[PDB]
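Chemist: There's a structure below that I have some questions on.
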Amino acid sequence: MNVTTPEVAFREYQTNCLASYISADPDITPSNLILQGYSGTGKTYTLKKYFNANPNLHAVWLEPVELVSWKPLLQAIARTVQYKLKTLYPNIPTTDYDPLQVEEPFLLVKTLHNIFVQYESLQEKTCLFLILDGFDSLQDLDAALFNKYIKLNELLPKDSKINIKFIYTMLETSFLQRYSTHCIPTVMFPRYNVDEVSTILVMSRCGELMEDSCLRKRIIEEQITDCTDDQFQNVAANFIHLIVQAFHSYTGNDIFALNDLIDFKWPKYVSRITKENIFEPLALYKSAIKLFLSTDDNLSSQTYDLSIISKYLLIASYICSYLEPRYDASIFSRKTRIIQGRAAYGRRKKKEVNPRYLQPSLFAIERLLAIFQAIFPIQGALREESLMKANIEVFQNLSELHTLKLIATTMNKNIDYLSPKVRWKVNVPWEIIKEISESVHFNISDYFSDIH
Amino acid sequence: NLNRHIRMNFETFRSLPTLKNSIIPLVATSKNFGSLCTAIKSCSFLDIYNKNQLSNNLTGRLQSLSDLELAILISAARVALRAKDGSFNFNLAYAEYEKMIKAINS
Amino acid sequence: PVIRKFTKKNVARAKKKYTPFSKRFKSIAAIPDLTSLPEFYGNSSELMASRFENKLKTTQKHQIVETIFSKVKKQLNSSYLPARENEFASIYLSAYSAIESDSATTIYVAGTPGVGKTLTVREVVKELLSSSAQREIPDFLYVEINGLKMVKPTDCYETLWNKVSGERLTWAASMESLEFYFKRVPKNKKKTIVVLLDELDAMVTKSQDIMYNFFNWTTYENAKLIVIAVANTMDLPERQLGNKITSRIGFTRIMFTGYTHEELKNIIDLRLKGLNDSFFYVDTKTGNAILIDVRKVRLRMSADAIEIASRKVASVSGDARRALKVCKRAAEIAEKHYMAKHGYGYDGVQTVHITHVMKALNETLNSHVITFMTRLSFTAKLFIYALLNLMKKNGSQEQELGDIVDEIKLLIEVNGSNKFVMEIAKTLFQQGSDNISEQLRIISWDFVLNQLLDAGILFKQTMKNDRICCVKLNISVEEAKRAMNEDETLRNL
Ligand SMILES: Nc1ncnc2c1ncn2[C@@H]1O[C@H](COP(=O)(O)OP(=O)(O)OP(O)(O)=S)[C@@H](O)[C@H]1O
Ligand SMILES: Nc1ncnc2c1ncn2[C@@H]1O[C@H](COP(=O)(O)OP(=O)(O)OP(O)(O)=S)[C@@H](O)[C@H]1O
Ligand SMILES: [Mg+2]
Ligand SMILES: [Mg+2]
């Protein structure tokens with residue numbers, strides 16, 4: 001061949017095994033080629049570096065993540081093949097066919113055949129490389145769509161001058177282990193190394209940190225004249241190594257989860273150099289130890305902007321959907337008897353399985369209303385009857401909690417609320433219920449004290 | 001070496017197109033005739049390629065796991081091994097990560 | 001102008017009229033005589049099918065070469081008979097007593113595929129057309145409705161009204177037109193029509209309205225149609241039609257039973273009467289046989305070969321098409337032997353015998369799954385062996401995949417003595433090389449899942465977890481047992 005292998009820094013097998021499968025002669029070229037990798041593993045970068053190193057052969061860049069189901073995929077293929085040929089061989093009479101006419105795979109075959117048989121006026125047979133970058137990143141994807149793209153060169157004509165050669169790009173490896181007997185040339189992309197991530201980030205990012213003016217205004221805000229370009233790039237690479245050895249156990253081997261951490265923690269690191277932190281590597285790290293212990297990636301006082309009865313309804317629904325229904329007359333029953341009766345004894349042995357790790361239980365609405373007026377604070381001289389009854393506002397706030405997806409139920413499609421067969425459950429976790437019970441000052445830690 | 005690779009192809013996937021996809025980047029990456037001759041003498045590419053074909057299935061990408069991710073995976077497999085039908089969640093997994101790491105610091 | 005929510009750029013509509021036959025004149029008393037109308041009943045422009053005839057004829061060139069067995073392979077194609085007489089006579093009488101009496105009967109024939117029912121019905125219609133040409137009866141327009149030759153099961157109305165009337169409407173206008181034409185138009189202005197309902201059990205769709213209408217237009221006094229509907233099971237209106245439509249179809253229900261070995265021998269005798277034991281003038285140079293260098297050759301399609309081909313196919317399903325397929329495969333085997341032995345190539349006597357037709361009788365009694373699982377790979381046979389010996393432990397037929405994996409690992413680790421398995425257990429897990437860690441799955445695991453999934457040996461349920469995905473043997477367990485006993489290594493491993 002006459003292809004030029006690119007100098008990709010850490011994919012040395014893959015560019016050699018990629019120049020052994022992409023050529024300008026359609027006979028020494030496979031009709032399908034998979035490039036299976038994972039997120040960040042360098043597929044698109046080495047593909048674009050290869051196709052830019054070889055300007056003579058023709059690419060069609062198509063990304064089936066912004067084309068959700070299969071019909072915009074066929075329409076986009078039939079659109080952009082024709083648009084690529086219009087700007088490749090301009091002096092051929094090109095009768096524009098509508099890509100929206102493609103509605104089925106057969107009509108893609110017929111449309112592409114009618115597009116290709118009008119370019120017979122060339123001299124020699126060429127291949128056109130249609131790249132489906134992210135074929136497993138299709139959103140409404142099925143297991144039998146890929147069989148419709150393998151067996152497409154079986155339908156395009158054999159003695160034609162433009163031959164379609166596909167280059168897929170997969171991401172999942174349980175997708176690809178279905179199309180294994182088809183024996184397509186697979187070029188796998190293994191996950192990057194920490195020693196390779198730590199310098200991929202340096203060669204990618206230390207250009208746009210010295211050219212990031214938050215540091216180039218800090219060098220003149222601090223009156224710094226003991227600097228050169230090495231004195232900027234060494235603290236840039238040292239910061240990148242600091243984010244790597246600090247946060248690699250957090251992210252993993254993903255360039256994307258490191259790029260944004262470097263983007264976040266950079267100006268709060270430039271704001272710690274004063275006059276001589278640019279010369280040393282250790283007291284600058286001891287001047288900014290606060291941004292290398294915790295990650296600080298969340299979007300950050302109070303907990304929830306709800307009412308009082310809705311907060312107590314959330315607490316009571318949290319109680320009754322984790323407590324067994326038999327043991328509540330030992331925890332809430334408090335009033336003096338007049339008639340001979342016995343209360344609930346309670347559980348003998350504390351079970352240490354910790355029920356509030358699991359999924360909740362399902363209760364009737366009378367148990368929520370009963371536990372609601374047991375845990376409610378006193379309101380309101382003998383005609384008050386201060387034990388609050390469930391008025392309109394309690395039911396309205398309960399329906400508001402069901403609307404806000406905080407209490408929830410067995411979602412049958414368009415369920416009736418007023419049935420004695422629809423039971424309710426909470427779907428908020430413990431970590432917000434503790435903040436809520438802290439807000440209304442409700443002792444809930446001693447409600448699950450008899451489990452752990 | 002070539003007959004040995006054909007012999008292990010005969011017991012694995014018994015197919016000529018897998019051999020074709022093995023042989024094609026051997027012939028195409030070579031640059032001189034002596035290089036092609038020693039490359040098919042030694043078969044220096046049918047173990048580079050054949051290593052790369054298994055480079056991420058369940059072993060070549062578990063090899064690239066980090067340390068916290070490995071402790072989380074080990075704890076989750078412990079929790080699923082302890083259960084009846086093999087199910088768990090993030091709370092039952094983190095209640096084994098901190099227990100294991102507290103026994104590490106013990 | 002407008003922005004549309006979706007597009008239908010590839011739409012093709014026919015040119016078919018919407019107003020039915022009821023609104024041509026809107027005068028029942030002034031309907032013209034429909035029989036001798038120019039357009040009705042195929043009296044005008046009946047070249048409407050023979051437009052595409054001079055497309056599949058090219059060059060009349062290059063001197064095609066027949067052989068001594070090309071004649072029998074031509075006479076064994078689709079084409080009195082001593083096969084169907086008590087059915088032909090009853091059907092022709094039951095359809096003649098309505099042609100002569102201007103009646104509205106319905107005949108019901110049925111049989112397993114191959115028993116000659118459509119052949120006898122089409123010959124009944126040919127004989128009644130001969131009787132119409134002899135003019136002992138009135139004439140009719142013949143309509144064949146094939147149940148499977150149409151893309152929509154309601155297009156029966158369209159093709160029937162088109163054949164009757166020369167105009168094509170939509171299917172709703174055609175069913176209203178046929179309803180009016182079969183209810184109200186008097187029996188002086190309509191000549192009768194006979195309708196063959198070929199393969200009736202493919203128009204039972206979603207309402208049973210087509211099956212209603214074609215058997216409820218024949219209960220009318222003013223409709224001269226005869227429905228000679230064929231079927232594929234005798235008790236069809238007791239299974240998939242209503243009891244009222246069972247009462248419409250009635251009580252005739254003439255079954256076409258299966259053939260016998262004597263009847264089938266007579267059939268092949270009549271098919272080869274013009275060729276058996278005759279003489280041909282072949283040439284040594286090519287082989288071009290010509291019936292009455294040059295060699296006079298006999299042709300003994302032997303009666304013992306005919307009857308041993310006929311007894312088996314008379315037992316299994318009794319089909320006068322499968323008998324022709326057997327006796328054509330025998331002639332094909334003979335022609336292949338002849339051409340390979342003489343070097344003739346396309347541009348003593350010849351025989352067809354018992355140990356020559358037994359290959360044509362054995363070509364369809366071979367399960368090529370045992371000779372497939374023997375030539376399968378070692379890892380695929382090991383997969384099948386792990387699945388087979390998990391079954392005696394479990395008793396479910398539906399083992400998981402994580403169990404098959406650990407059973408394969410168990411067999412490989414527990415056989416550490418055999419020289420074959422210690423040679424193969426290195427490559428089975430590491431592809432015979434270092435710089436490759438010991439894989440969890442064996443090499444070629446997804447390959448030998450898929451190579452049995454596509455072949456239908458294996459049967460896996462869909463799920464995302466390839467440890468708990470269940471897997472079933474779709475073929476059998478007994479034939480897998482009889483296919484795993486010829487390996488010389490899996491017989492002990
Ligand atoms: N070997 C490398 N040399 C230089 N930069 C690299 C290298 N590998 C990755 N990068 C950088 O990291 C980015 C990784 O993105 P991609 O190469 O597109 O990976 P990816 O697999 O395509 O991600 P997906 O599959 O689209 S989620 C590239 O855009 C480069 O900026
Ligand atoms: N007695 C016979 N004489 C000659 N040919 C026959 C005879 N019986 C059946 N056949 C063959 O069968 C064909 C006629 O089709 P039939 O078998 O009558 O239709 P059928 O029985 O309805 O089969 P299906 O199920 O509708 S495809 C002819 O081409 C003949 O070759
Ligand atoms: Mg990409
Ligand atoms: Mg038929």
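Chain identifiers are assigned as A, B, and so on, following the order in which chains appear in the structure tokens; residues are numbered from 1 within each chain, and ligands are numbered from 1 in order of appearance.
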Which residues are near residue 50 (chain B)? Cut-off 8 Å, only C-alpha atoms, ignore same chain within fewer than 4 positions. Put them as number ranges by chain.

Modeler: B: 22, 46, 54; C: 431

Chemist: Compile the residues of chain B that lie within 7 Å of chain A, evaluated using only C-alpha atoms, and express the compilation as a list in words.

Modeler: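 Those within range of chain A come out as residues 17, 18, 21, 25, 28, 29, 52, 53, 55, 56, 57, 61, 64, 65, 66, 67, 68, 91 and 92 of chain B.
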
Chemist: I'd like to know which of C:11, C:473, C:148, C:465 is closest to chain B, using only C-alpha atoms.

Modeler: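 Residue with the minimum atom-to-atom distance to chain B: C:465.
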
Chemist: Quick one: pick out all strand (DSSP E or B) residues within region 55-281 of chain A from a backbone DSSP run and write them as a list in words.

Modeler: residues 58, 59, 60, 61, 62, 126, 127, 128, 129, 130, 131, 132, 133, 162, 163, 164, 165, 166, 167, 168, 169 and 186 of chain A

Chemist: Which residues come within 7 Å of residue 138 (chain A), counting only C-alpha atoms, excluding same-chain residues fewer than 5 positions away, as a list in words?

Modeler: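 Contacts, in chain order: residues 64, 65 and 68 of chain A.
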
Chemist: Selected residues, C-alpha atoms, written as an mmCIF file, in the first residue's frame, please.

Modeler:
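This is the output file result-v9.cif:
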data_model
loop_
_atom_site.group_PDB
_atom_site.id
_atom_site.type_symbol
_atom_site.label_atom_id
_atom_site.label_comp_id
_atom_site.auth_asym_id
_atom_site.auth_seq_id
_atom_site.Cartn_x
_atom_site.Cartn_y
_atom_site.Cartn_z
ATOM 1 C CA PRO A 64 -25.223 7.527 15.420
ATOM 2 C CA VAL A 65 -25.626 9.061 18.865
ATOM 3 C CA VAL A 68 -31.662 8.071 17.582
#

Chemist: Specify as a ChimeraX atom specification all residues of chain B found within 12 Å of chain C, counting only C-alpha atoms.

Modeler: /B:1,4-15,18,43-63,85-86

Chemist: I need the chain A residues near chain C as a PyMOL selection string; criterion: at most 9 Å, counting only C-alpha atoms.

Modeler: chain A and resi 100-103+174+177-181

Chemist: Output C-alpha atoms for every residue in the selection just made, as a JSON list (two decimals), in the first residue's frame.

Modeler:
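Full text of selection.json as output:
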[["chain", "number", "residue", "atom", "x", "y", "z"],
["A", 100, "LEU", "CA", -36.16, 11.62, 2.96],
["A", 101, "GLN", "CA", -37.40, 9.16, 0.34],
["A", 102, "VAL", "CA", -35.41, 6.48, 2.21],
["A", 103, "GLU", "CA", -37.83, 4.83, 4.63],
["A", 174, "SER", "CA", -21.37, -7.71, 24.77],
["A", 177, "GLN", "CA", -19.83, -10.85, 21.06],
["A", 178, "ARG", "CA", -23.10, -11.39, 19.17],
["A", 179, "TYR", "CA", -21.57, -10.69, 15.76],
["A", 180, "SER", "CA", -18.56, -12.93, 16.31],
["A", 181, "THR", "CA", -19.32, -15.64, 13.74]]

Chemist: Show me which residues are within 8 Å of ligand 4 counting only C-alpha atoms and all ligand atoms, and format the list as JSON, numbers by chain.

Modeler: {"C": [117, 118, 119, 198, 199]}

Chemist: Could you dump the residues just selected with N, CA, C and O atoms as a short mmCIF file (atom, residue, chain, number, x, y, z; two decimals), in the first residue's frame?

Modeler:
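Result file follows (out.cif):
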data_model
loop_
_atom_site.label_atom_id
_atom_site.label_comp_id
_atom_site.auth_asym_id
_atom_site.auth_seq_id
_atom_site.Cartn_x
_atom_site.Cartn_y
_atom_site.Cartn_z
N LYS C 117 -56.40 -32.58 -5.72
CA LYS C 117 -57.71 -31.95 -5.68
C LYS C 117 -57.80 -30.78 -6.65
O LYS C 117 -58.80 -30.65 -7.37
N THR C 118 -56.76 -29.95 -6.73
CA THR C 118 -56.81 -28.82 -7.65
C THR C 118 -56.68 -29.27 -9.10
O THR C 118 -57.26 -28.66 -10.00
N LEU C 119 -55.99 -30.39 -9.33
CA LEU C 119 -55.91 -30.97 -10.66
C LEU C 119 -57.28 -31.47 -11.13
O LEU C 119 -57.70 -31.18 -12.26
N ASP C 198 -58.98 -21.41 -3.95
CA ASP C 198 -57.77 -22.20 -3.75
C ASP C 198 -57.14 -21.81 -2.43
O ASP C 198 -56.88 -20.62 -2.20
N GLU C 199 -56.90 -22.81 -1.57
CA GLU C 199 -56.26 -22.67 -0.26
C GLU C 199 -57.03 -21.69 0.63
O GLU C 199 -56.59 -20.57 0.92
#

Chemist: Once you count only C-alpha atoms and all ligand atoms, which residues end up within 10 Å of ligand 2, and could you hand them over as a PyMOL selection string?

Modeler: chain C and resi 76-85+109-122+146-147+198-200+230-232+256+258-259+263-264+266-268+270-271+318-325

Chemist: When you count only C-alpha atoms, which of these residues is closest to residue 286 (chain C): C:24, C:359, C:135, C:342?

Modeler: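 Of the candidates, the smallest distance to residue 286 (chain C) is held by C:342.
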
Chemist: Using only C-alpha atoms, determine which residues lie at most 8 Å from residue 439 (chain A), disregarding the query and same-chain residues fewer than 3 positions distant; provide the list as a short mmCIF file (atom, residue, chain, number, x, y, z; two decimals) with N, CA and C atoms, in the first residue's frame.

Modeler:
data_model
loop_
_atom_site.label_atom_id
_atom_site.label_comp_id
_atom_site.auth_asym_id
_atom_site.auth_seq_id
_atom_site.Cartn_x
_atom_site.Cartn_y
_atom_site.Cartn_z
N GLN A 302 -30.39 24.62 54.51
CA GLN A 302 -31.60 23.87 54.83
C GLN A 302 -31.57 22.55 54.06
N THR A 303 -32.69 21.81 54.14
CA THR A 303 -32.81 20.51 53.48
C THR A 303 -33.89 20.47 52.41
N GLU A 435 -31.72 14.74 57.54
CA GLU A 435 -31.70 16.20 57.48
C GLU A 435 -33.09 16.79 57.73
N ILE A 436 -34.14 16.11 57.28
CA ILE A 436 -35.51 16.57 57.52
C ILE A 436 -35.84 16.48 59.01
N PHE A 442 -36.95 16.27 65.03
CA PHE A 442 -37.62 15.03 65.39
C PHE A 442 -36.59 13.94 65.62
#

Chemist: So that each row is one residue of region 76-109 of chain A with an atom at most 10 Å from region 53-59 of chain A, can you give its shortest atom pair and the distance in Å to one decimal, using only C-alpha atoms, rows by chain and rising number, as JSON lines?

Modeler:
{"residue": "A:81", "atom": "CA", "partner": "A:59", "partner_atom": "CA", "distance": 9.6}
{"residue": "A:84", "atom": "CA", "partner": "A:59", "partner_atom": "CA", "distance": 8.5}
{"residue": "A:85", "atom": "CA", "partner": "A:58", "partner_atom": "CA", "distance": 9.5}
{"residue": "A:88", "atom": "CA", "partner": "A:58", "partner_atom": "CA", "distance": 8.6}

Chemist: Run DSSP on the backbone and grab whatever in region 242-409 of chain A lands in alpha helix (DSSP H); send it over as a ChimeraX atom specification.

Modeler: /A:242-246,255-264,267-270,308-320,365-374,392-403
